[PDB]
Structures are given as structure tokens and as C-alpha cells.
Amino acid sequence: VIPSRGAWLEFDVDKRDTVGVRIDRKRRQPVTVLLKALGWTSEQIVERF
DNA sequence: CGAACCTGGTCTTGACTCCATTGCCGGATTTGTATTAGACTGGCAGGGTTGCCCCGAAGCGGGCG
């Protein structure tokens, strides 16, 4: 997700079957942690996915 | 055959002129330092976006003692 003058972010499936948020070129950081950082429950994730 | 002549360099005397060269000397300018008393109390900030290669370092899984 490329913005103009913002901050990059990526959701890359690794060598294993794990999706990972890389915000502003940080480390692997799986995406359910990012949804919980949006306050999304694990139940809300389960309902969504 | 001998005597003067005028004039080249070669040099000397002494007076005249003119300008460097300090030395003050007084003033102008300029370089550095100090001092401001109400209260103020943690920064903005884009280059990064390659490809490939070698290698050093962390980190964890794996067997292990």
C-alpha cells in the first residue's frame, strides 16, 4: 500500500503460512496483532475470516 | 724636428634636491567582552524505494548431558 508522503505497509505471506504486517519497514509482525491494534476481537477476526 | 690643440676618458669636489623612513601623535575605526531580572523547561525529519554477493551476526530447533 503505497501512499504519497505517508508510510508504507505490507501484508506478506512468509515462507510458512503466516501473514505478517510490515509497517514502515519493521519486522514480520503477524496481522492479527494489527487488527487487535485496531481493537478488532479474535471473534471479529473469526467472523471476518 | 719640434711645439701647441681639442678633446676622448677618467676622475674629483662640493653643493643642491628629494624622497624614504621611522617616530610620534592624535584621532577614527574595529575587534572583543560583558550585560540585559516577569515567565518561558526535551527537535523536525525524508531517503528509503536495485541486484547480486559475501559475510557477520542473531536466533531457534535439535539433540544432548
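Every residue, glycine among them, receives a Cβ derived from its backbone with ideal geometry; neighbour counts consider all protein chains shown. Here, each number is a calculation from the coordinates, and none is a lab measurement.
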### Task
Calculate the translational D of chain A in whole µm² s⁻¹ from Stokes-Einstein, where the hydrodynamic radius comes from the Kirkwood formula applied to all Cα pairs, the temperature is 4 °C and the viscosity 1.567 mPa s.
110
### Query
Which ordering of A:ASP17, A:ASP24 is given by a fewest-first count of other beta-carbon atoms within 10 Å?
A:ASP17, A:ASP24
### Message
Assuming 0.36 nm per residue, please report the length gained on full extension of the stretch A:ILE2 to A:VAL33 beyond their Cα-Cα distance.
### Response
9.0 nm
### Message
Can you sort A:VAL31, A:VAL19 from fewest to most other Cβ atoms within 10 Å of each residue's own Cβ?
### Response
A:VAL19, A:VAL31
### Message
Give me A:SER4, A:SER42 sorted ascending by neighbouring Cβ count inside 10 Å, so fewest comes first.
### Response
A:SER4, A:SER42
### Within chain A, helix-based [θ] at 222 nm, where runs of 4 or more DSSP H residues each add -39,500 (n - 2.57), nearest 500
-7000 deg cm²/dmol
### Task
Enumerate by residue number the trypsin sites (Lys or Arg not before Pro) in chain A meeting two conditions: DSSP loop (anything except H, G, I, E, B), and at most 15 other Cβ atoms within 10 Å of the site's Cβ.
A:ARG5, A:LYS15, A:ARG16, A:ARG25, A:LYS26, A:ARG27, A:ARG28
### Task
Please report the relative contact order for the stretch A:4-49, taking Cα pairs under 8 Å with a sequence separation of at least 6, and give it as a percent rounded to a whole number.
23
